[PDB]
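K.L.:
Take this structure first; my questions come after.
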Amino acid sequence: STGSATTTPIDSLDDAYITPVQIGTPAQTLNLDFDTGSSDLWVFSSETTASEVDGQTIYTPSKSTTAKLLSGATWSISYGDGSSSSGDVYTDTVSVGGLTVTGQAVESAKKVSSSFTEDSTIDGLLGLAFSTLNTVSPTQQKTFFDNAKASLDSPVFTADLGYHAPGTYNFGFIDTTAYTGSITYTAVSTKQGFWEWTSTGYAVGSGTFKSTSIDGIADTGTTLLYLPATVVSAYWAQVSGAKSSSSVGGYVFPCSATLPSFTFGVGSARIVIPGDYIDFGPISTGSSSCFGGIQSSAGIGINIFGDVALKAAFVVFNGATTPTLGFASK
């Protein structure tokens, strides 16, 4: 089997991407944030504290003939941006782009933090990291991908995120029309439960490539590119007037600037992030200070190849017995 679904930016900045997901019988379609950095499929629901729902579409398990309470199971998750959610668990039929999993754990939110309430466009998350990170207790649950894997034509999914435009998540096949050149594959460590890999270095603009190992995670649920302070300083030093602002919470730059590209290494291959991808716009409405899309990972504890980086590539998440990651230009 295979699946193919379009993923759409939630706003003009590509702050996140939503993908329609069918849950239950008859189908209830919710728009979920596919997140390769976590492993819970959770939804706003009929059980979510009413004051914490503001415009989201909810899952109502009582209206699904295939929903079953997973008795005794609870979940609770905290994300890197400080947001969180928690609740109980149902199993139900879940379909993505024509690919159907029966008996998927669908984690129903009883509580969500303010960041989630305030984002009316995201109805929940669908985690695509390794199932060892799943938070369901006392019986850990599998991700949608892990459940689908054995049925897939090939044990892979691909992320093809657009810049200010829709893109695609495919399951079970590699669309050879969706990228240019060849795909370069690189080793993955699953020791922390992430799609963790080592970039071979970077360049700023038309500058020379610096060969240096940068360990980080491929994370579709993180907006920006978070790299070591040395790398980030080297990038922003090429933008006149750019500075790190503790009050704003990272590097800012004059909105009048033209940003240089940023290149990252995948083995002997190179992925180029155009400068425009690094512009996240005014820090507040009408400001001439703009927020940077490359930020320091210092004090996160991990480097993160978030959407800024991933949207510059066609990315293969290979879930074979020995997982790997593939990157191609497009």
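Starting from 1 in every chain, residues are counted up; chains themselves are A, B, ... following the order of the structure tokens, and ligands are numbered from 1 as listed.
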Using only C-alpha atoms, determine which residues lie at most 7 Å from residue A:251, disregarding the query and same-chain residues fewer than 5 positions distant; provide the list as a VMD selection string.
P.N.:
chain A and resid 242 to 245 291 to 292 295
K.L.:
Set the distance at 12 Å and use only C-alpha atoms: which residues neighbour residue A:114 once local chain neighbours fewer than 6 positions away are removed? I'd like the list as a list in words.
P.N.:
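With the cut-off at 12 Å, the set is residues 49, 51, 52, 53, 54, 81, 82, 83, 84, 85 and 120 of chain A.
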K.L.:
Which residues of stretch 25-131 of chain A have any atom within 12 Å of an atom in stretch 151-159 of chain A when counting only C-alpha atoms, and what is the closest pair of atoms for each, with the distance in Å to one decimal? Order the rows by chain and rising number and write it as a Markdown table.
P.N.:
```
| residue | atom | partner | partner_atom | distance |
| --- | --- | --- | --- | --- |
| A:34 | CA | A:159 | CA | 9.6 |
| A:35 | CA | A:159 | CA | 10.5 |
| A:36 | CA | A:159 | CA | 9.6 |
| A:96 | CA | A:157 | CA | 11.7 |
| A:98 | CA | A:152 | CA | 11.9 |
| A:99 | CA | A:152 | CA | 8.8 |
| A:100 | CA | A:151 | CA | 9.7 |
| A:101 | CA | A:151 | CA | 9.3 |
| A:102 | CA | A:151 | CA | 11.6 |
| A:128 | CA | A:157 | CA | 9.3 |
| A:129 | CA | A:157 | CA | 11.4 |
```
K.L.:
Have a look at A:228, A:254, A:267, A:299 and name the one nearest to residue A:200; count only C-alpha atoms.
P.N.:
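Of the candidates, the smallest distance to residue A:200 is held by A:267.
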K.L.:
Show which residues sit within 8 Å of residue A:46, as number ranges by chain. Count only C-alpha atoms, and ignore same-chain residues fewer than 6 positions away.
P.N.:
A: 58-61
K.L.:
Find the spatial neighbours of residue A:214, counting only C-alpha atoms, within a cut-off of 7 Å - ignore same-chain residues fewer than 6 positions away - and output them as a PyMOL selection string.
P.N.:
chain A and resi 198-201
K.L.:
Could you produce a table of the residues of stretch 175-279 of chain A lying within 7 Å of stretch 303-315 of chain A, with the nearest pair of atoms per residue and their separation in Å rounded to one decimal, using only C-alpha atoms, ordered by chain and increasing residue number, as a Markdown table?
P.N.:
```
| residue | atom | partner | partner_atom | distance |
| --- | --- | --- | --- | --- |
| A:179 | CA | A:314 | CA | 6.1 |
| A:215 | CA | A:303 | CA | 6.5 |
| A:216 | CA | A:303 | CA | 4.3 |
| A:217 | CA | A:304 | CA | 5.0 |
| A:218 | CA | A:305 | CA | 4.9 |
| A:219 | CA | A:306 | CA | 4.9 |
| A:220 | CA | A:307 | CA | 5.5 |
| A:221 | CA | A:306 | CA | 6.9 |
| A:222 | CA | A:306 | CA | 4.7 |
| A:223 | CA | A:307 | CA | 4.9 |
| A:224 | CA | A:306 | CA | 5.0 |
| A:225 | CA | A:306 | CA | 5.0 |
| A:226 | CA | A:304 | CA | 4.9 |
| A:227 | CA | A:303 | CA | 5.1 |
| A:228 | CA | A:303 | CA | 6.9 |
| A:271 | CA | A:313 | CA | 6.8 |
| A:272 | CA | A:312 | CA | 6.7 |
| A:273 | CA | A:312 | CA | 5.5 |
| A:277 | CA | A:308 | CA | 6.2 |
| A:278 | CA | A:308 | CA | 6.8 |
```
K.L.:
Please write the residues from the selection above to a file, keeping N, CA and C atoms, as a PDB file, in the first residue's frame.
P.N.:
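Saved result, result_22.pdb, follows:
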```pdb
ATOM      1  N   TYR A 179      12.114  15.391  -7.230  1.00  0.00           N
ATOM      2  CA  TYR A 179      13.417  15.947  -6.888  1.00  0.00           C
ATOM      3  C   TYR A 179      14.321  15.937  -8.101  1.00  0.00           C
ATOM      4  N   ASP A 215      25.875  17.197  14.453  1.00  0.00           N
ATOM      5  CA  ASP A 215      24.843  16.229  14.821  1.00  0.00           C
ATOM      6  C   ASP A 215      23.539  16.962  15.075  1.00  0.00           C
ATOM      7  N   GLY A 216      22.445  16.512  14.479  1.00  0.00           N
ATOM      8  CA  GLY A 216      21.165  17.139  14.737  1.00  0.00           C
ATOM      9  C   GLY A 216      20.021  16.249  14.292  1.00  0.00           C
ATOM     10  N   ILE A 217      18.792  16.749  14.431  1.00  0.00           N
ATOM     11  CA  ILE A 217      17.608  15.943  14.135  1.00  0.00           C
ATOM     12  C   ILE A 217      16.842  16.567  12.978  1.00  0.00           C
ATOM     13  N   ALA A 218      16.279  15.718  12.123  1.00  0.00           N
ATOM     14  CA  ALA A 218      15.367  16.162  11.083  1.00  0.00           C
ATOM     15  C   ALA A 218      13.975  16.261  11.694  1.00  0.00           C
ATOM     16  N   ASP A 219      13.460  17.488  11.848  1.00  0.00           N
ATOM     17  CA  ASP A 219      12.266  17.730  12.664  1.00  0.00           C
ATOM     18  C   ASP A 219      11.257  18.624  11.937  1.00  0.00           C
ATOM     19  N   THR A 220      10.272  17.994  11.316  1.00  0.00           N
ATOM     20  CA  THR A 220       9.270  18.730  10.558  1.00  0.00           C
ATOM     21  C   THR A 220       8.367  19.578  11.455  1.00  0.00           C
ATOM     22  N   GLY A 221       8.317  19.265  12.749  1.00  0.00           N
ATOM     23  CA  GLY A 221       7.517  20.029  13.687  1.00  0.00           C
ATOM     24  C   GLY A 221       8.169  21.242  14.318  1.00  0.00           C
ATOM     25  N   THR A 222       9.408  21.537  13.931  1.00  0.00           N
ATOM     26  CA  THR A 222      10.103  22.740  14.368  1.00  0.00           C
ATOM     27  C   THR A 222      10.207  23.679  13.166  1.00  0.00           C
ATOM     28  N   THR A 223       9.878  24.950  13.371  1.00  0.00           N
ATOM     29  CA  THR A 223       9.839  25.925  12.284  1.00  0.00           C
ATOM     30  C   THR A 223      11.226  26.251  11.729  1.00  0.00           C
ATOM     31  N   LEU A 224      12.159  26.528  12.635  1.00  0.00           N
ATOM     32  CA  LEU A 224      13.436  27.141  12.276  1.00  0.00           C
ATOM     33  C   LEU A 224      14.596  26.148  12.272  1.00  0.00           C
ATOM     34  N   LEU A 225      15.754  26.650  11.867  1.00  0.00           N
ATOM     35  CA  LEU A 225      16.986  25.876  11.818  1.00  0.00           C
ATOM     36  C   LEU A 225      17.836  26.307  13.006  1.00  0.00           C
ATOM     37  N   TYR A 226      18.096  25.368  13.913  1.00  0.00           N
ATOM     38  CA  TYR A 226      18.846  25.657  15.147  1.00  0.00           C
ATOM     39  C   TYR A 226      20.181  24.949  15.093  1.00  0.00           C
ATOM     40  N   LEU A 227      21.251  25.736  15.109  1.00  0.00           N
ATOM     41  CA  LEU A 227      22.611  25.216  14.916  1.00  0.00           C
ATOM     42  C   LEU A 227      23.563  25.791  15.975  1.00  0.00           C
ATOM     43  N   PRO A 228      24.779  25.246  16.068  1.00  0.00           N
ATOM     44  CA  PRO A 228      25.696  25.741  17.102  1.00  0.00           C
ATOM     45  C   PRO A 228      25.963  27.234  16.969  1.00  0.00           C
ATOM     46  N   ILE A 271      22.952  20.887   0.236  1.00  0.00           N
ATOM     47  CA  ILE A 271      21.602  21.436   0.142  1.00  0.00           C
ATOM     48  C   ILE A 271      21.678  22.931   0.394  1.00  0.00           C
ATOM     49  N   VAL A 272      21.145  23.716  -0.547  1.00  0.00           N
ATOM     50  CA  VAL A 272      21.196  25.178  -0.445  1.00  0.00           C
ATOM     51  C   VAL A 272      19.845  25.732  -0.014  1.00  0.00           C
ATOM     52  N   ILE A 273      19.851  26.437   1.111  1.00  0.00           N
ATOM     53  CA  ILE A 273      18.677  27.144   1.608  1.00  0.00           C
ATOM     54  C   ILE A 273      18.753  28.586   1.091  1.00  0.00           C
ATOM     55  N   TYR A 277      14.291  32.094   2.495  1.00  0.00           N
ATOM     56  CA  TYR A 277      13.698  31.094   3.399  1.00  0.00           C
ATOM     57  C   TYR A 277      14.019  31.425   4.855  1.00  0.00           C
ATOM     58  N   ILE A 278      15.011  32.285   5.053  1.00  0.00           N
ATOM     59  CA  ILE A 278      15.547  32.597   6.374  1.00  0.00           C
ATOM     60  C   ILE A 278      14.872  33.859   6.959  1.00  0.00           C
TER      61      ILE A 278
END
```
K.L.:
Using only C-alpha atoms, which of the listed residues (A:76, A:6, A:132, A:318) sits closest to residue A:108?
P.N.:
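The answer is A:76, which sits nearest to residue A:108.
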K.L.:
Give the answer as one residue: which of A:135, A:170, A:64, A:121 has the shortest atom-to-atom distance to residue A:5, using only C-alpha atoms?
P.N.:
A:170
K.L.:
Could you check which of A:253, A:42, A:169, A:235 is closest to residue A:136, using only C-alpha atoms?
P.N.:
A:42
K.L.:
Pick the closest to residue A:280 from A:2, A:78, A:192, A:255: which is it, counting only C-alpha atoms?
P.N.:
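Result for the nearest residue to residue A:280: A:255.
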K.L.:
Could you find all residues in stretch 100-135 of chain A that DSSP calls alpha helix (DSSP H) from the backbone, and write them as a compact mmCIF listing (two decimals) with N, CA, C and O atoms, in the first residue's frame?
P.N.:
```txt
# COMPACT_ATOMS: atom_id res chain seq x y z
N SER A 114 -1.62 27.00 26.18
CA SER A 114 -2.17 28.16 25.51
C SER A 114 -1.74 28.28 24.05
O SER A 114 -2.52 28.74 23.21
N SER A 115 -0.51 27.88 23.75
CA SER A 115 0.00 27.96 22.38
C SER A 115 -0.90 27.17 21.43
O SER A 115 -1.14 27.58 20.30
N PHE A 116 -1.39 26.02 21.89
CA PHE A 116 -2.26 25.20 21.06
C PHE A 116 -3.65 25.83 20.92
O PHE A 116 -4.18 25.91 19.81
N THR A 117 -4.22 26.29 22.03
CA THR A 117 -5.53 26.93 21.99
C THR A 117 -5.53 28.11 21.02
O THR A 117 -6.48 28.30 20.25
```
K.L.:
When distances are computed from only C-alpha atoms, which of A:328, A:266, A:105, A:232 shows the smallest separation from residue A:294?
P.N.:
A:232
K.L.:
Fewer than 4 positions away in the same chain doesn't count, so skip those; otherwise give me all residues within 8 Å of stretch 17-25 of chain A, counting only C-alpha atoms, as a list in words.
P.N.:
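Result of the neighbour search: residues 5, 6, 7, 8, 9, 10, 29, 30, 31, 32, 33, 34, 59, 61, 63, 64, 65, 66, 67, 92, 93, 94, 95, 96, 97, 121 and 122 of chain A.
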K.L.:
Using backbone DSSP assignments, extract all strand (DSSP E) residues from stretch 141-274 of chain A; output them as a PyMOL selection string.
P.N.:
chain A and resi 156-160+167-171+184-187+196-204+210-218+225-227+243-245+250-254+262-266+269-273
K.L.:
Enter the distance from atom CA of residue A:138 to atom CA of residue A:57, in Å, rounded to one decimal.
P.N.:
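Those two atoms sit 28.2 Å apart.
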